[PDB]
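This report refers to the structure that appears directly beneath it.
Every residue, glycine among them, receives a Cβ derived from its backbone with ideal geometry; neighbour counts consider all protein chains shown. Values quoted throughout were computed directly from the atomic coordinates according to the rules given, and no laboratory measurement underlies them.
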Amino acid sequence: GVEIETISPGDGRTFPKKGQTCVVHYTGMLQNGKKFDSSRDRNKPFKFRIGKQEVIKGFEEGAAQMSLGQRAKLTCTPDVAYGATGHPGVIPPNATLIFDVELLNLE
């Protein structure tokens, strides 16, 4: 399950499509815990495309429900990202993920 809680502004009409390269200032957060990843530090705002399963499922489906300029707040269930395996050393098994996502894309 992916649940959007939008900080409003943007335009509400420009949506990403298939094969479009989008630019996201993501900010990860573990529930009842600290950060684990941020693009704000590296200042390299993570150009990725849509429809190649490069990112996880919970991060991908919430980006399709956003528009240009919006600032959502993802909530990824463990079943779609890592909750059975667990990423070794960074994301423990059965973990619920929170993401601060701003979509300032191109194309």
How much mean residue ellipticity at 222 nm does the chain get from its helices, if each DSSP H run of length 4 or more adds -39500 (n - 2.57) and you divide by all residues, to the nearest 500 deg cm²/dmol? -3000 deg cm²/dmol
Relative contact order (percent) for the chain, with alpha-carbon contacts under 8 angstrom and 6 or more residues of separation? 39
proj_area_mean for the chain (convex hull on C-alpha atoms), units nm², value 6.8
Charge dipole magnitude, Cβ of K and R +1, D and E -1 - the chain, Cα centre, debye nearest 20: 300
Spelling it out for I50: with amide H atoms placed in the peptide plane at 1.01 Å from N, the residues 5 or more places away or on another chain with amide H under 5 Å from its amide H are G19, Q20
Which one, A84, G33, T14, is farthest towards the positive end of the dipole of the chain when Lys and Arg carry +1 and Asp and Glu -1 on their Cβ? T14
If r is the Cβ-Cβ distance from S39 to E107 and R0 is 22 Å, what FRET efficiency results, to the nearest 0.05? 0.70
At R0 = 22 Å, FRET efficiency that the Cβ-Cβ distance of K47 and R13 yields, to 0.05: 0.45
Positive-end extreme of charge dipole, the chain - chosen from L68, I98, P45 (charges on Cβ): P45
